[PDB]
Amino acid sequence: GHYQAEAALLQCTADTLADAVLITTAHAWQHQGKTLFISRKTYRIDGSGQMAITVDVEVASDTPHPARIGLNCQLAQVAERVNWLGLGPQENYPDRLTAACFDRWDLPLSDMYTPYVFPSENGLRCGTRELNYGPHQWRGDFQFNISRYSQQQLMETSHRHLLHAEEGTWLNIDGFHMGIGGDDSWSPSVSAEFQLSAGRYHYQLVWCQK
Amino acid sequence: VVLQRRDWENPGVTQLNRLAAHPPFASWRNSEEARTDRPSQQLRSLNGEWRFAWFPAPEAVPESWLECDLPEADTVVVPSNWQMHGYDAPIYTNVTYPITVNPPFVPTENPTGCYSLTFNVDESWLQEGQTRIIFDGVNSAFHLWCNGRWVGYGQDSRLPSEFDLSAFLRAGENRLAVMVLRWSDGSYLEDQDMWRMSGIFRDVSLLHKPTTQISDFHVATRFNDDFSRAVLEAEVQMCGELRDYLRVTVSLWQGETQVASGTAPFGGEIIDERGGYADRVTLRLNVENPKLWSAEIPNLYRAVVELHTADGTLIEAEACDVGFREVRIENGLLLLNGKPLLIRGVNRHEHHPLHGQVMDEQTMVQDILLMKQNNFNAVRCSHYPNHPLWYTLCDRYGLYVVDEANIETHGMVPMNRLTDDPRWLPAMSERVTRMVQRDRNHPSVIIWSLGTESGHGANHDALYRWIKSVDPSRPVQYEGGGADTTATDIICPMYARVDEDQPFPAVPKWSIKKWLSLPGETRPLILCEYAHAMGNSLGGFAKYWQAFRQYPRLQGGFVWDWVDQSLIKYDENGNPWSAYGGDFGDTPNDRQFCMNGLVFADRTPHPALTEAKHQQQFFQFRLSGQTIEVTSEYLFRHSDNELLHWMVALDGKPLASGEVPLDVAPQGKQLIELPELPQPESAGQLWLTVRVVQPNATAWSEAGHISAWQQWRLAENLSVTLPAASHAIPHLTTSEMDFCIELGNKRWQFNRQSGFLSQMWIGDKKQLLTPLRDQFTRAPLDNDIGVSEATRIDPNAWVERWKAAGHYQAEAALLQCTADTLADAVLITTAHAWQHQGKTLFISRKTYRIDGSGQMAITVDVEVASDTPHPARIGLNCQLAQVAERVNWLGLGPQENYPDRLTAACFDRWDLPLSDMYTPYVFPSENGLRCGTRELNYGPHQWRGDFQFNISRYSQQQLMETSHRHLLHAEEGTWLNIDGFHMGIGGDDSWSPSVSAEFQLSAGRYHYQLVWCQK
Ligand SMILES: CC(C)S[C@@H]1O[C@H](CO)[C@H](O)[C@H](O)[C@H]1O
Ligand SMILES: [Mg+2]
Ligand SMILES: [Mg+2]
Ligand code: NA
Ligand code: NA
Ligand code: NA
């Protein structure tokens, strides 16, 4: 029930600090009674206008290792260039990133999508310390993709030509992403060291307008 | 003439008047006593009180000593090493020779042990036949006198020298005088990495043999393809007068039943143009459905060899135990009885902490039992032939043995300088030939070894061929000169790693997996030495066994090594302590390198032992759903003394358990279906634990002995419940120097100048003696140090990388320290930078959240500079004021375990006295860590999260400043180290960095969290 998991709020509090506002939340993703994931978050918005996000995730040892552990959202803005300090320029994944180089990259948005004839998650870039899109800067140590297509449309659509740009820009920022494999295409092939099996995961982001 | 010749400086002279080598003789005169192996009246021990004097050189020995006992001499026990009686110091040196390398010469100052014994000889022994004396072990050379007259000379410390005394003795009192030399030309071939000692250190005895006698005999066992029929073939040789009426009967016994027999006159088949051996006979006995010998089931028969007249009058009988087994290398696999072996082996030096290198039955038996109880099936006789009882016991309890000639020339430059020299061939041949002649009838001996660490020389090749020529029943191995030379049937490297190539020039140690498939290569690979168990070690041991299991041609190896070579010294009060190199005045020395044991000198286990037992298990396990699949790794036996105990616990609380008998065939499978497991309605992780229990006692184990275990996570139920919110809310008390938080009897204090928790109070009492601070270092392990020394730095060792980067003396610098009162808590934020000479090594970012329930949630995020050497650990430490009796934790245990050595540890709820949380390594270092721990309890304290910890009365600082365990003093309070992350310990070897990449703290950014509360 990974694709159907319903978020159930456990905690949601606010605090006033000397020079910032702290938002603490906790969620449990469940499927018919079973708790798959718990997400514990803090948001820290300070004087300079930076929103520091800490995320600590629990994964039930007996659920199949998840495809990713990140955050997503549909952004309103539609910019033309995607600029980042990280691995690139082309799409790279944890078990397919040796060719990619760490530098400052700048591509058109359409270059951050890969037109696989049968549509799937695509266009990830890894080991990114900084991402710039329109007015938005994200800093940390993460993996991301960015496109006019949602994970939902991508998985619902059998051919690339049947896809339609969605309003705004879909952003996927992953603390962690499972390998893609390919030793064959008829049995699981993602190696143990690229499966998301640690049980407890932590990543942090800073979101400010630059 | 004896002082004149200096035979102890002549590799051309290795003996004078010494009898031929041969298998163990007892000269029974009753065939039944031979069968039952009872004591024989014809073999007398001369063990006991002897007279001993020490001299600085052989020139300093007075000529009267041959005729009269010396009054200044003492009375000492024999066998013994004279260093063990305080006459001089033992020397511990590893590679470098204990003497100046000037072959064939030794120092003029050559410690000389003069031994004597006045003893009785009965009349009966001197009217008929032959009386010989046997010295089983004399280190390193000696001349022998009897009643004033010179008998002979002998070398090789590790094999029997036998001399005919028939013409020297008289009825009544007799006197032996033995001049034992510490150093001789033999020493050049005895450079083993061990204590350098000397003297009559093995048994001395007198054997009476008839004039017409069995002088040698060889037993072979050959089989048809399916092992349903054997032929025992026994070749017997006599000395004395050759007569028609002479016969030999070789008869084979299973208990009290004679299964086969053969009798023949002397005179073997024609051999060449001049005929045959008129003094030899070959007997061949047919054996149907033989009980086969292995380490799993050591089936033995008794062969009695009778020399007699046609009419049936016995002359004498010899005998041995026969194990019916074939050893062959076929198609690149070592096979025993047609099945491929998996060597669960260990190197074992003969060592005793009190008696030095003297061996006794009790110790040997103790060693064998521990070995087998911990899943070993093999031993390498590193690096010399053993006390003769050892092979007998190995035959009977069942271990595969590698018998190794007493040749090591490690300190030579290059290592093969002697072994390539044809002039050292004679001395070398005798050390190989005399071993084969002595041990070739022991079934436990499955492989011959040409010695160790002598490079690869032409002499090795000759002797390899010699052994293959005289004994086609056993493979010959030898590691020197690259481990895969033409002088070895088996690729037998030392400390070759699993996946990691070490491509040294000329002698590369390839990844053992890569080694097998080098172009043209077909041989099996068994490591003669691997997994150097020095101090806190055996990291990465599981990686070896995973590979051994997957690769048919990787057939195991021998751990280095069984027992620490520590020696007992005494202090002023009179209490014993364990001593290593340099502790007897001995210099130069290689310090703690003599301690590489899986067990302490007193035979107490190191934590690593349990890791070896687990990885060396004989039953493998897989879980699918509710089915446990059991696979046997036994080659011959069924699991006819085994049950499986299963157990399911929720975070350590038992919910169900049961028993199923194991009925699995060798190499076979059994599926066990667990009953409906009761789904617990309570948060936690369900764990399954299985243990294989032997319900009946054996020759080597007690009833209820556990031989194997394994764990699995079953279903997990993550906690979704919020704690019941509290009325109270903590109060912040800001000061110039301090942030204080109050809640009820509990109080926290953060020093604003340091940035750390300087103190906590429960009610009135202080909880800390030292503030809670980040720790990035550890008291360096033997593996962290390698061969690095104060006066000869190895900049490659982990410790030196750490020192040179400033890790040990970096100073916390406060970047930030704020306080904030929240709705139901107080939040303390901190930031430190650890710096050394302007370089920022680490940055620690923390928050402490103290809420209204009195719990402190600590969140640590560390940055580690990519270009600083990866740190030993990322954690916190403090010195608690509390000294409690017990430690209670939910994690891996119960014994000490580290990230690369935790497979044997089981997740459960453990409870031990504080003293068990300290590991007494003779050289002190970081110790006692336990990993994957979710909850720690000590007095009123409880920590929760996902961390590793050690807890003890010794600071990391005292552990790293103290050289011996006994010099440690318990500090006030308890040092607590809590690590989010801890580096592997390594041990693939102990002289280069050996910690594998995946166990190094290289991620750059690290996160951990801990809740601290009183309970
Ligand atoms: C390069 C050296 C460390 S050689 C190393 O010394 C070890 C110390 O225990 C063992 O004696 C090994 O047999 C030897 O190979
Ligand atoms: Mg000599
Ligand atoms: Mg050596
Ligand atoms: Na194997
Ligand atoms: Na050693
Ligand atoms: Na130390």
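FYI, residue positions are counted from 1 along the chain as it appears here.
Placement of Cβ uses the backbone N, Cα and C atoms for every residue, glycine included.
Checking the candidates B:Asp193, B:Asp203, B:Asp988, B:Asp989 against Swiss-Prot: the one annotated together with B:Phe593, B:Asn596 at the Na(+) site is B:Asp193. Residues B:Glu408, B:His410 are given by Swiss-Prot as Mg(2+) 1 binders; from B:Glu361, B:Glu453, that same site also lists B:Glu453. Binding of substrate is annotated in Swiss-Prot for B:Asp193, B:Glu453, B:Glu529, B:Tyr530, B:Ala531, B:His532, B:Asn596, B:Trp991; the matching candidate from B:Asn94, B:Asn289, B:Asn696, B:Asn897 at the same site is B:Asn94. Residues B:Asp193, B:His410, B:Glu453, taken from the recorded positions B:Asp193, B:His410, B:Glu453, B:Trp991, are distinguished by a CB atom under 6 angstroms from ligand 3.
A 10 Å radius around the C-alpha of B:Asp193 (Na(+) binding site) takes in these recorded positions out of B:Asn94, B:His383, B:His410, B:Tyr530, in sequence order: B:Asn94, B:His383, B:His410.
Checked against B:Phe593 (Na(+) binding site), the recorded positions B:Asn94, B:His349, B:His383, B:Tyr530 differ in C-alpha distance, with B:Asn94 being the nearest. The number of other Cβ atoms within 10 Å of the Cβ belonging to B:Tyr530 (substrate binding site), over all protein chains shown, comes to 26. Nearest in space to B:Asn94 (substrate binding site), taking C-alpha to C-alpha distance over the recorded positions B:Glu408, B:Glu453, B:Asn589, is B:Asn589. Across the residues annotated as binding substrate (B:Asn94, B:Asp193, B:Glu453, B:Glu529, B:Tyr530, B:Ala531, B:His532, B:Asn596, B:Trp991), the widest Cα-Cα separation comes to 18 Å. When the CA atoms are compared, the recorded positions lying within 10 A of B:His532 (substrate binding site) are B:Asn596, out of the candidates B:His349, B:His410, B:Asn596.
Each of the recorded positions B:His349, B:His383, B:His410, B:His532 was scored by how many other Cβ atoms lie within 10 Å of its Cβ, and the smallest score goes to B:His410.
When the recorded positions B:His383, B:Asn589, B:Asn596, B:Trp991 are checked against ligand 1, B:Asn596, B:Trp991 have a Cβ within less than 6 Å of one of its atoms. Taking a C-beta cut-off of under 8 Å and a sequence gap of six or more, B:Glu453 (active site, proton donor) has these contacts in its own chain: B:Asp191, B:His383, B:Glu408, B:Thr409, B:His410, B:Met415, B:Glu479, B:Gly480.
Same-chain residues at least 6 positions away in sequence with a Cβ under 8 Å from that of B:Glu529 (active site, nucleophile) are, in sequence order, B:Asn347, B:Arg380, B:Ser382, B:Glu479, B:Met494, B:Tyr495, B:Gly557, B:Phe558, B:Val559, B:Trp560, B:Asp561. Counting other C-beta atoms within 10 Å of each candidate's C-beta, the binding-site residues B:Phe593, B:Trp991 are led by B:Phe593.
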